[PDB]
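Participant: Here you go, this is work_9.csv (CSV, N, CA and C atoms).
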chain,number,residue,atom,x,y,z
A,1,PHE,N,-76.2,69.4,-64.9
A,1,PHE,CA,-76.6,69.3,-63.5
A,1,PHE,C,-78.1,69.1,-63.3
A,2,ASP,N,-78.8,70.2,-63.3
A,2,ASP,CA,-80.3,70.2,-63.1
A,2,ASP,C,-80.9,70.2,-64.5
A,3,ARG,N,-81.0,69.0,-65.0
A,3,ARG,CA,-81.6,68.8,-66.3
A,3,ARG,C,-83.1,69.0,-66.2
A,4,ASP,N,-83.7,69.7,-67.2
A,4,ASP,CA,-85.1,70.0,-67.2
A,4,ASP,C,-86.0,68.7,-67.4
A,5,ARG,N,-85.4,67.6,-67.9
A,5,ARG,CA,-86.1,66.4,-68.2
A,5,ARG,C,-86.5,65.8,-66.8
A,6,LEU,N,-85.8,66.0,-65.8
A,6,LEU,CA,-86.1,65.5,-64.4
A,6,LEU,C,-87.3,66.3,-63.8
A,7,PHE,N,-88.4,65.7,-63.8
A,7,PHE,CA,-89.6,66.4,-63.3
A,7,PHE,C,-90.3,65.5,-62.2
A,8,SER,N,-90.3,64.2,-62.4
A,8,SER,CA,-91.0,63.3,-61.5
A,8,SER,C,-90.0,62.7,-60.5
A,9,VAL,N,-88.8,63.2,-60.4
A,9,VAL,CA,-87.8,62.7,-59.5
A,9,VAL,C,-87.3,63.7,-58.5
A,10,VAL,N,-87.3,65.0,-58.9
A,10,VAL,CA,-86.7,66.1,-58.1
A,10,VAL,C,-87.4,66.1,-56.7
A,11,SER,N,-88.7,66.2,-56.7
A,11,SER,CA,-89.5,66.3,-55.5
A,11,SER,C,-90.8,65.5,-55.5
A,12,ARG,N,-91.1,64.8,-56.6
A,12,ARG,CA,-92.4,64.1,-56.6
A,12,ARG,C,-92.3,62.7,-56.0
A,13,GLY,N,-91.2,62.3,-55.5
A,13,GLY,CA,-91.0,61.0,-54.8
A,13,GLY,C,-90.9,61.1,-53.3
A,14,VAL,N,-90.2,62.1,-52.8
A,14,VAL,CA,-89.9,62.3,-51.4
A,14,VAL,C,-90.4,63.7,-51.0
A,15,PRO,N,-91.2,63.8,-50.0
A,15,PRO,CA,-91.6,65.2,-49.6
A,15,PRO,C,-90.5,66.0,-48.9
A,16,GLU,N,-90.0,67.0,-49.7
A,16,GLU,CA,-88.9,67.8,-49.2
A,16,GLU,C,-88.8,69.1,-50.1
A,17,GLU,N,-88.0,70.0,-49.7
A,17,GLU,CA,-87.8,71.3,-50.4
A,17,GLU,C,-86.3,71.4,-50.8
A,18,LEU,N,-86.1,71.7,-52.1
A,18,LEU,CA,-84.7,71.9,-52.5
A,18,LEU,C,-84.7,73.0,-53.6
A,19,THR,N,-83.6,73.6,-53.7
A,19,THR,CA,-83.3,74.7,-54.7
A,19,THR,C,-82.7,74.1,-55.9
A,20,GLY,N,-82.2,75.0,-56.8
A,20,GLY,CA,-81.6,74.5,-58.0
A,20,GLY,C,-82.5,74.0,-59.1
A,21,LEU,N,-83.8,74.3,-59.1
A,21,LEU,CA,-84.8,73.9,-60.0
A,21,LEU,C,-85.2,75.0,-60.9
A,22,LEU,N,-85.9,74.7,-62.0
A,22,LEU,CA,-86.4,75.7,-62.9
A,22,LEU,C,-85.3,76.5,-63.5
A,23,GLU,N,-85.0,77.7,-63.0
A,23,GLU,CA,-84.1,78.6,-63.6
A,23,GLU,C,-82.6,78.4,-63.1
A,24,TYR,N,-82.2,77.2,-62.8
A,24,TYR,CA,-80.8,76.9,-62.5
A,24,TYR,C,-79.9,77.2,-63.7
A,25,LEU,N,-80.3,76.7,-64.9
A,25,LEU,CA,-79.5,76.8,-66.1
A,25,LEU,C,-80.4,77.2,-67.2
A,26,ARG,N,-79.9,78.0,-68.2
A,26,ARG,CA,-80.6,78.5,-69.3
A,26,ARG,C,-81.9,79.2,-68.9
A,27,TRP,N,-81.7,80.3,-68.1
A,27,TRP,CA,-82.8,81.0,-67.6
A,27,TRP,C,-83.5,81.8,-68.7
A,28,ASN,N,-82.8,82.2,-69.7
A,28,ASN,CA,-83.4,82.9,-70.8
A,28,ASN,C,-84.4,82.0,-71.6
A,29,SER,N,-84.0,80.8,-71.9
A,29,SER,CA,-85.0,79.9,-72.5
A,29,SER,C,-86.2,79.6,-71.7
A,30,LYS,N,-86.0,79.4,-70.4
A,30,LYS,CA,-87.1,79.1,-69.5
A,30,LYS,C,-88.1,80.4,-69.5
A,31,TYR,N,-87.5,81.6,-69.4
A,31,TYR,CA,-88.4,82.8,-69.4
A,31,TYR,C,-89.1,82.9,-70.8
A,32,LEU,N,-88.4,82.5,-71.9
A,32,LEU,CA,-89.0,82.7,-73.2
A,32,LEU,C,-90.2,81.7,-73.4
A,33,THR,N,-90.0,80.4,-73.0
A,33,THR,CA,-90.9,79.4,-73.4
A,33,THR,C,-91.3,78.5,-72.3
A,34,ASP,N,-90.6,78.4,-71.2
A,34,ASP,CA,-90.8,77.4,-70.1
A,34,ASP,C,-91.3,78.1,-68.8
A,35,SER,N,-92.1,79.2,-69.0
A,35,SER,CA,-92.6,79.9,-67.8
A,35,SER,C,-93.8,79.2,-67.2
A,36,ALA,N,-93.5,78.3,-66.3
A,36,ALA,CA,-94.5,77.5,-65.7
A,36,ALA,C,-95.4,76.7,-66.6
A,37,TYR,N,-94.9,76.4,-67.8
A,37,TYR,CA,-95.6,75.7,-68.8
A,37,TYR,C,-95.1,74.3,-69.1
A,38,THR,N,-93.8,74.0,-69.0
A,38,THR,CA,-93.2,72.7,-69.1
A,38,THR,C,-93.2,71.9,-67.8
A,39,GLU,N,-93.7,72.5,-66.7
A,39,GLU,CA,-93.7,71.7,-65.5
A,39,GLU,C,-94.6,70.5,-65.6
A,40,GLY,N,-94.2,69.4,-65.1
A,40,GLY,CA,-94.9,68.1,-65.3
A,40,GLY,C,-95.1,67.7,-66.7
A,41,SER,N,-94.2,68.0,-67.6
A,41,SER,CA,-94.3,67.7,-69.0
A,41,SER,C,-95.5,68.3,-69.6
A,42,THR,N,-95.8,69.5,-69.4
A,42,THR,CA,-96.9,70.3,-69.9
A,42,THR,C,-98.2,69.6,-69.5
A,43,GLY,N,-98.4,69.5,-68.2
A,43,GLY,CA,-99.6,68.8,-67.6
A,43,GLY,C,-99.1,68.2,-66.3
A,44,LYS,N,-100.0,67.3,-65.8
A,44,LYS,CA,-99.7,66.5,-64.5
A,44,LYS,C,-99.3,67.5,-63.4
A,45,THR,N,-100.3,68.3,-63.0
A,45,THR,CA,-100.1,69.4,-62.1
A,45,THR,C,-99.6,68.8,-60.7
A,46,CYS,N,-98.5,69.4,-60.2
A,46,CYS,CA,-97.9,68.9,-59.0
A,46,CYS,C,-98.7,69.2,-57.8
A,47,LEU,N,-99.3,70.4,-57.8
A,47,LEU,CA,-100.1,70.8,-56.6
A,47,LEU,C,-101.3,69.9,-56.4
Can the structure in the file be given as structure tokens, please?
Facilitator:
Amino acid sequence: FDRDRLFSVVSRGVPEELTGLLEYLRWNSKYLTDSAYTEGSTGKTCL
């Protein structure tokens, strides 16, 4: 469903707010290694 590979398509194209991102699936792995570090493919800050 919410693949972590999708980073430039979830909200970087259209200005809107949606849930189901980051910790939607495999929350343990994200907490272990993807704690705000894999966002934007480890770079390309969205803010």
Participant: For a test of reading the model, state the distance in Å between atom N of residue 13 of chain A and atom C of residue 31 of chain A, rounded to one decimal.
Facilitator: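 According to the coordinates, atom N of residue 13 of chain A and atom C of residue 31 of chain A are separated by 25.7 Å.
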Participant: Could you give me, as a compact mmCIF listing (two decimals) with N, CA and C atoms, keeping the file's coordinate frame, the residues within 8 Å of residue 22 of chain A, counting all atoms listed in the file and dropping anything in the same chain fewer than 4 positions from it?
Facilitator:
# COMPACT_ATOMS: atom_id res chain seq x y z
N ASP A 2 -78.80 70.20 -63.30
CA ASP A 2 -80.30 70.20 -63.10
C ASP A 2 -80.90 70.20 -64.50
N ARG A 3 -81.00 69.00 -65.00
CA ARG A 3 -81.60 68.80 -66.30
C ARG A 3 -83.10 69.00 -66.20
N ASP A 4 -83.70 69.70 -67.20
CA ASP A 4 -85.10 70.00 -67.20
C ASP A 4 -86.00 68.70 -67.40
N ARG A 26 -79.90 78.00 -68.20
CA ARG A 26 -80.60 78.50 -69.30
C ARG A 26 -81.90 79.20 -68.90
N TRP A 27 -81.70 80.30 -68.10
CA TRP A 27 -82.80 81.00 -67.60
C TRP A 27 -83.50 81.80 -68.70
N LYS A 30 -86.00 79.40 -70.40
CA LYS A 30 -87.10 79.10 -69.50
C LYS A 30 -88.10 80.40 -69.50
Participant: At what distance in Å, to one decimal, does atom CA of residue 21 of chain A lie from atom CA of residue 36 of chain A?
Facilitator: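 Atom CA of residue 21 of chain A lies at a distance of 11.8 Å from atom CA of residue 36 of chain A.
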Participant: In Å, rounded to a single decimal, give me how far atom CA of residue 41 of chain A is from atom C of residue 11 of chain A.
Facilitator: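 Straight-line distance from atom C of residue 11 of chain A to atom CA of residue 41 of chain A works out to 14.1 Å.
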